[PDB]
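Q: Protein chains in written order, with the authors' numbering: chain Y, 50 to 98; chain a, 1 to 417; chain b, 1 to 417.
Yeah, the Cβ is synthetic: ideal placement off N, Cα and C, and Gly gets one too.
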Amino acid sequence: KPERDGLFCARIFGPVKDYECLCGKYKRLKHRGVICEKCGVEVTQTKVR
Amino acid sequence: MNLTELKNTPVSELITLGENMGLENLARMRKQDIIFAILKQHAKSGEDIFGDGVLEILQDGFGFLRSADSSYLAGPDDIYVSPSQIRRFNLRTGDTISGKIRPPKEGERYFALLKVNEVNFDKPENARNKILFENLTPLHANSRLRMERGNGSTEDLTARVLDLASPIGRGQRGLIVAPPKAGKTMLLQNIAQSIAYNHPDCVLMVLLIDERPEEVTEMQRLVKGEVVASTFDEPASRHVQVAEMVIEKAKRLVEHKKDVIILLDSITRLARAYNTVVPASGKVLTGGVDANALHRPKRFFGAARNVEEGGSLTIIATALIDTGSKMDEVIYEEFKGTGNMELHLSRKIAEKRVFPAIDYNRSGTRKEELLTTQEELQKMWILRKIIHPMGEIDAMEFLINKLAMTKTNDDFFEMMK
Amino acid sequence: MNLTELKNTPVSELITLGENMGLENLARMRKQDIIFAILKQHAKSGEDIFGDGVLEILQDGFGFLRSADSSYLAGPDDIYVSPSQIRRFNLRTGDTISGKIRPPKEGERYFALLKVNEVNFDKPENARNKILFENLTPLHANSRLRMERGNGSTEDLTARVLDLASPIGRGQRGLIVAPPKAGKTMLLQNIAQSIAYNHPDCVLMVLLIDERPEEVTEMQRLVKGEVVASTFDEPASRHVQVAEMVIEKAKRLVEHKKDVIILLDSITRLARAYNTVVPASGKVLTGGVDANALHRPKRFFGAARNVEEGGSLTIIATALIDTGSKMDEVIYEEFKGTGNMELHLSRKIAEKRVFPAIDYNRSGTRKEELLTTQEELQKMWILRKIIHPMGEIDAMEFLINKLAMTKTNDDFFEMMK
DNA sequence: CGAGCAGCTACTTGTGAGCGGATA
DNA sequence: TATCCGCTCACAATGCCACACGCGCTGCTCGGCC
RNA sequence: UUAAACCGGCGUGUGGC
Ligand SMILES: Nc1ncnc2c1ncn2[C@@H]1O[C@H](COP(=O)(O)OP(=O)(O)O)[C@@H](O)[C@H]1O
Ligand code: BEF
Ligand SMILES: [Mg+2]
Ligand SMILES: [Zn+2]
């Protein structure tokens, strides 16, 4: 998985998977558009990256 | 402000406090998150925080400060410490680091410790002027610690029994061998209350492994000192985590020339937890254990030793037998020869509601002359000799009877004569 | 400079020494690291070091020099030796190589031995002019070694008991069969102190296996010679490591025509350790042992032999019985017929506080005429005959009484008549 | 513990412009 | 101080297709935020 | 809120038109 603040990252660029966060806490469609409690990434498609 | 001053307060009190501080009602988050948000708000107010935490190092390099009420576990109230302090003072695991802390910004998770103020209730120079644990000379138990309460109560029985069977000293390694349903937990409570009420000069620290949550609550608010527990709501990983926490804390406190008593119950449960956490090595011995899966428990039971130069480390640990399985029996085999203090609780007398059910036959003390004086040993030996006429059941009768008529040791000795 | 001259000094003294040498305060690293850094600094000063270490070879080819206070273990103070010296002198395991050493640079870990100076307190030509251990002729014990101290003390009892029951000679193989709680460790201390105070001409070397750290400290500073111990803080691998260290050291010292006495306690513990370190062979015999898992212990107990051409190797080893398990019983079976000296300690007399609890019935000596002269055997035989009227308990009474009234062997013999 | 950082190529040809340059 | 003259560097050199290949071991240093 | 399905970038060499 990407580093916290390395070259590859999620909270800086976007989720590495479509509608799936890095921690797997938010994975359904209801949480689409909200950030998690530690990484704080807007869960969405990979195109954002 | 500080951690324990908020953690020894209940959850409703913390919710009311956070709502009084003008915050989003914190009755929705856990108590640890409540205190975390309260500290974040207090730091937002324009000031620093003064925190305290016991120290943990992983293979990364920085330090984690776990709190007391968290049972030394992972949580948001654990303080971050940059590895620079570890490179400076070589702070190993087991410091109640007390110092100034600041709130974490974005990209961070925990509070960062700015400067050191208190190193195990000592000056930070003790962090650079002290002796390690592996280098000193372990000795036998010199000091004698009385167990009897002194009120003539019905549970005083247990204490005085032990006092006339095998006393307890600083630096001892006590192992209790008892089948299920023998009165273990109330024995722990009785002996802890007696050692803490009769001798407040010595420090107590009780360990609970795989008990019920009601047992945790009954243990935590009843005995003095820190009450660390690790129940089933955490896996064997967090079991070994809290175990290594408390052992390194005791080691460092002993290095600080302090008397540390560790109650532990039971050893078979932590041995199973360790077997769970250590991978296999291709071979399985009797009972289903590994080769190195015994090295952790061995070390854990043998860390006890008497420090003649200052401080001491005594442990009182119970074991599980008559469980039907094999691994518990081999564990008892391995740990019955490594301890310098062995005691046994019977089950046949226990199920007859005749308590306490001490095995006066298999009870023993390693090098008891350093724990018992001239005529003291005279009295103890002649009573052992007169109880020696082969007896378990009516031997317990004689003991409990002559113990219920009398109040102190000298009363029994001078009335039996 | 040298190793033992710094290792027999305490840890605080070494810390003060390293701080006096102008160094980073070494109270943060272990004592072995303290001495390592002190040697590195002394070598940085512009000079060489003169070190000493007992030799170990693995399947690699080079040599490791383990130190005395390290209990012959792996550590930074172990000196590296290039295999060239092994190809030159064929230095097998068990040389206290004493020689010149230089500090290690980057890419290295330990000091490198430049040249040989002392080979087991002998000229390096003895490294090329000597005889191996497997080639000489093992014989029976010729010399007689008195055990009684000669002060009439209360522990002299034990010694004189053995002296009138079964004496000890050079090249003997003694096995003590004793249940738990029979007075083993103080017996070891008593007999070692007597052999080292009465006969300083013979060399002592005591082995401790699976004892308490306080027992290690009480053994290490009380008896003469090297006190090697291997407690539970090391796994069975390091157990067998130190065991093979000491056995090859004794073998080489005997090859150097020296008298080497090896105290060992107990054998069942090292047998369990070996069973732990040897893999299975698909089959498990009685007690849970393997086929080849007995070959190591067998060899280890049978390395004892009397060298009639020069030097001797005697062993005094204790065994564990009445442990409830089977493997200890089969181990005792295997080792009760392989020894050339058998003695037994009773537990029923021991728990009556009547010490020492010798089994005068099962005590014996292989070919005792080579250990006892004409009228000497006359006296011993007639006393055995008069004690022969079936007795354990009041037999111990008679022995201890007639032994407490008297001071030496001849006094007892000429007062009983 | 991870990751990295690193020690362990060479007779083009032209066409063009920018930059000395030197020299009275 | 103008006016070429020449030195020196940037920039370039068809399009596709097909196939194959290798883009490493180990000592040292640094990072200090599960 | 519930059910079903899914989750070649570079360089080199060679050869051909
Ligand atoms: N020679 C002796 N004289 C007096 N007391 C003894 C003697 N030998 C043993 N004992 C007693 O027997 C006990 C044996 O101690 P311990 O080390 O627990 O058992 P063991 O030595 O058999 O392992 C000691 O507490 C000691 O008081
Ligand atoms: F010290 Be006992 F013999 F284990
Ligand atoms: Mg012993
Ligand atoms: Zn997340």
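Flag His199 (chain a) as yes if its beta-carbon sits less than 7 Å from any beta-carbon of chain b, otherwise no.
A: As a position in the second sequence, residue 199 (chain a) is number 199, starting the count at 1. No, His199 (chain a) lies away from the interface with chain b (no Cβ there is under 7 Å from its Cβ).
Q: By the criterion of Cβ-Cβ separation under 8 Å, what are the contact partners of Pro138 (chain a) in chain b?
A: As a first step, residue 138 (chain a) is located in the second sequence; it is residue number 138 there, counting from the start. Within 8 Å Cβ-Cβ: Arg212, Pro213, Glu214, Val216 and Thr217.
Q: Output the distance between the C-alpha atoms of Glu234 (chain b) and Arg88 (chain b), rounded to the nearest integer angstrom.
A: One-based indexing of the third sequence puts residue 234 (chain b) at position 234. One-based indexing of the third sequence puts residue 88 (chain b) at position 88. Taking the straight line joining both Cα atoms gives about 34 Å.
Q: So, for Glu69 (chain Y): in the same chain, excluding its five sequence neighbours on each side, which residues have a beta-carbon less than 6 Å away from its beta-carbon?
A: Here residue 69 (chain Y) corresponds to residue number 20 of the first sequence, with the count starting at 1. Answer for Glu69 (chain Y): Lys76, listed in chain order.
Q: Thinking just about the alpha-carbon of each residue, which of a:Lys40, a:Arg30 and a:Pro10 is nearest to the one in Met21 (chain a)?
A: Start at 1 with the first residue of the second sequence, and residue 21 (chain a) comes out as number 21. Nearest C-alpha to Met21 (chain a): a:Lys40.
Q: With hydrogens ignored, establish whether the beta-carbon of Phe355 (chain b) is closer than 6 Å to any heavy atom of ligand 1.
A: Your numbering for residue 355 (chain b) matches position 355 in the third sequence. The answer is yes for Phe355 (chain b).
Q: Spatial neighbours of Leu294 (chain a) within its chain, please: CB distance less than 7 Å, with the 5 preceding and 5 following residues excluded, ordered by chain position.
A: Counted from its first residue, the second sequence places residue 294 (chain a) at position 294. Same-chain partners within the cutoff: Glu334.
Q: Does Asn126 (chain a) have its Cβ less than 7 Å from a Cβ in chain b?
A: The sequence position of residue 126 (chain a) within the second sequence is 126, counting from 1. Judged by the 7 Å Cβ criterion, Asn126 (chain a) is not in contact with chain b.
Q: From the DSSP output, in three-state form, read off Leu17 (chain a) for me.
A: For the purposes of this step, residue 17 (chain a) is taken as residue 17 along the second sequence, with counting starting at 1. Note: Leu17 (chain a) maps to helix in three-state DSSP.
Q: Listed in chain order, which residues are found with a beta carbon closer than 5 Å to a heavy atom of ligand 3?
A: Listed along the chain, these residues meet the criterion: b:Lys184 and b:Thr185.
Q: What first and last residue would you give for the alpha helix (DSSP H) that runs through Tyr360 (chain a)?
A: Counted from its first residue, the second sequence places residue 360 (chain a) at position 360. Counting along the chain, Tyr360 (chain a) falls outside any alpha helix (DSSP H), and DSSP gives it neither H nor E.
Q: Using only alpha-carbon positions, find the residue among b:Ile86, b:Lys7 and b:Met405 that is nearest to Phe62 (chain b).
A: Your numbering for residue 62 (chain b) matches position 62 in the third sequence. Out of b:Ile86, b:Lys7 and b:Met405, b:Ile86 has the C-alpha closest to the C-alpha of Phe62 (chain b).
Q: In the stretch 129 to 163 of chain a, which residues sit with their C-beta less than 8 Å from some C-beta in chain b, listed in chain order?
A: Correct list: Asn129, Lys130, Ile131, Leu132, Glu134, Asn135, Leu136, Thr137, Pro138, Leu139 and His140.
Q: Should the stretch 147 to 161 of chain a be called in touch with the stretch 317 to 327 of chain a, which here means at least 3 C-beta pairs below 8 Å?
A: Counting Cβ pairs under 8 Å, fewer than three are found: no touch.
Q: Should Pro180 (chain b) be listed as close to ligand 2, given that the test is whether its C-beta is under 6 Å from any heavy atom?
A: By one-based count along the third sequence, residue 180 (chain b) stands at place 180. True, at least one ligand heavy atom lies under 6 Å from that Cβ.
Q: How long is the line joining the alpha carbons of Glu47 (chain a) and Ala303 (chain a), rounded to whole angstroms?
A: The sequence position of residue 47 (chain a) within the second sequence is 47, counting from 1. The sequence position of residue 303 (chain a) within the second sequence is 303, counting from 1. Each residue's Cα considered, the two are about 42 Å apart.
Q: For the stretch 273 to 301 of chain a, enumerate the residues whose C-beta is nearer than 9 Å to any C-beta of chain b, in chain order.
A: Going along the stretch 273 to 301 of chain a in chain order, one finds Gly282, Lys283, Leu285, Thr286, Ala291, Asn292, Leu294, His295, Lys298, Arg299 and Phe301 with a Cβ nearer than 9 Å to chain b.
Q: When burial is assigned at 16 or more other CB atoms within 10 Å of the CB, is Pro200 (chain a) buried or exposed?
A: Here residue 200 (chain a) refers to the residue found at position 200 of the second sequence. Answer is exposed; the Cβ neighbour count stays below 16.
Q: In chain b, which residues lie with their C-beta within 8 Å of the C-beta of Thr338 (chain a)?
A: Residue mapping note: residue 338 (chain a) aligns to position 338 of the second sequence, counting from 1. The answer, in chain order, is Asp210, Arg212 and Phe232.
Q: From what residue to what residue does the alpha helix (DSSP H) around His295 (chain a) run?
A: Counting from one through the second sequence, the residue named residue 295 (chain a) turns up at place 295. Looking at the DSSP string, the run of the alpha helix (DSSP H) that includes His295 (chain a) is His295 to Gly302.
Q: Just by C-beta distance, which residues in the stretch 386 to 399 of chain a are closer than 7 Å to chain b?
A: Result list empty, no residue passes.
Q: Sorry if obvious, but does the Cβ on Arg87 (chain a) come closer than 6 Å to a heavy atom of ligand 1?
A: As a working mapping, residue 87 (chain a) is identified with position 87 in the second sequence. Because no heavy atom of ligand 1 lies under 6 Å away, the Cβ of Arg87 (chain a) does not count as near it: no.
Q: Of the residues that make up the stretch 61 to 75 of chain b, which ones have a beta carbon closer than 9 Å to any beta carbon in chain a?
A: So nothing in the stretch comes that close.
Q: Counting only beta-carbon separations shorter than 7 Å, does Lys31 (chain b) have a partner in chain a?
A: Working through the third sequence from its first residue, we reach residue 31 (chain b) at position 31. At least one chain a Cβ lies under 7 Å of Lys31 (chain b).
Q: Where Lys100 (chain a) and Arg109 (chain a) are concerned, what is the direct C-alpha to C-alpha distance, given to the nearest angstrom?
A: The residue labelled residue 100 (chain a) in the question sits at position 100 within the second sequence. The residue labelled residue 109 (chain a) in the question sits at position 109 within the second sequence. For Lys100 (chain a) and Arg109 (chain a), the distance between alpha carbons rounds to 17 Å.
Q: What did DSSP end up calling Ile86 (chain b) once you bin it into helix, strand or coil?
A: The residue you call residue 86 (chain b) lines up with position 86 of the third sequence. In this structure, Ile86 (chain b) counts as helix in the three-state DSSP scheme.
Q: Cα separation between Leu207 (chain b) and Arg92 (chain b)?
A: For this step, residue 207 (chain b) is matched to residue 207 along the third sequence. For this step, residue 92 (chain b) is matched to residue 92 along the third sequence. Rounded to the nearest angstrom, the two C-alpha atoms are 21 Å apart.
Q: Quick one: measure Cβ to Cβ for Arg296 (chain b) and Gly94 (chain b), integer angstroms, because I've assumed they're closer than 8 Å.
A: Taking the third sequence and counting its residues from 1, the one referred to as residue 296 (chain b) is at position 296. Taking the third sequence and counting its residues from 1, the one referred to as residue 94 (chain b) is at position 94. Going by Cβ atoms, the distance from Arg296 (chain b) to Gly94 (chain b) rounds to 17 Å, so no, they are not a contact pair.
Q: Is the stretch 186 to 204 of chain b touching the stretch 387 to 394 of chain b, taking contact as three or more C-beta pairs under 8 Å?
A: With a cut-off of 8 Å, the stretch 387 to 394 of chain b and the stretch 186 to 204 of chain b do not count as touching, because too few Cβ pairs lie within range.
Q: For ligand 1, I want to know if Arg269 (chain b) counts as a neighbour, meaning its beta carbon is within less than 6 Å of at least one of the ligand's heavy atoms.
A: Translated into the one-based positions of the third sequence, residue 269 (chain b) becomes position 269. Not under cutoff, so the answer is no.
Q: Could you name the residues of the stretch 161 to 190 of chain b whose beta carbon sits closer than 9 Å to any beta carbon of chain a, in the order they occur along the chain?
A: Answer in chain order: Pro180 and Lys181.
Q: Please check the pair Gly310 (chain a) and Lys257 (chain a), which I expect to be a contact at CB under 8 Å, by giving their CB distance rounded to whole angstroms.
A: For the purposes of this step, residue 310 (chain a) is identified with residue 310 of the second sequence, where counting begins at 1. For the purposes of this step, residue 257 (chain a) is identified with residue 257 of the second sequence, where counting begins at 1. Between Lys257 (chain a) and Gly310 (chain a) the Cβ distance is about 3 Å, and since that is below 8 Å, they are a contact.
Q: Using the beta-carbon of each residue, which ones in chain a are nearer than 7 Å to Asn20 (chain b)?
A: The count along the third sequence starts at 1 and reaches residue 20 (chain b) at position 20. Here the premise fails: no neighbours, minimum Cβ distance about 15 Å.
Q: Output the residues surrounding ligand 4, defined as those with a CB atom closer than 5 Å to any ligand heavy atom, in chain order.
A: This selection yields Y:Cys70, Y:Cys72, Y:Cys85 and Y:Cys88.
Q: Within the 7 Å Cβ cut-off, does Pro235 (chain b) reach chain a?
A: One-based indexing of the third sequence puts residue 235 (chain b) at position 235. Yes, contact with chain a.
Q: Using the Cα positions of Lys407 (chain b) and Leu377 (chain a), report the straight-line distance between them to the nearest angstrom.
A: Indexing the third sequence from 1 puts residue 407 (chain b) at position 407. Indexing the second sequence from 1 puts residue 377 (chain a) at position 377. If I take the Cα positions, the gap works out to 28 Å.
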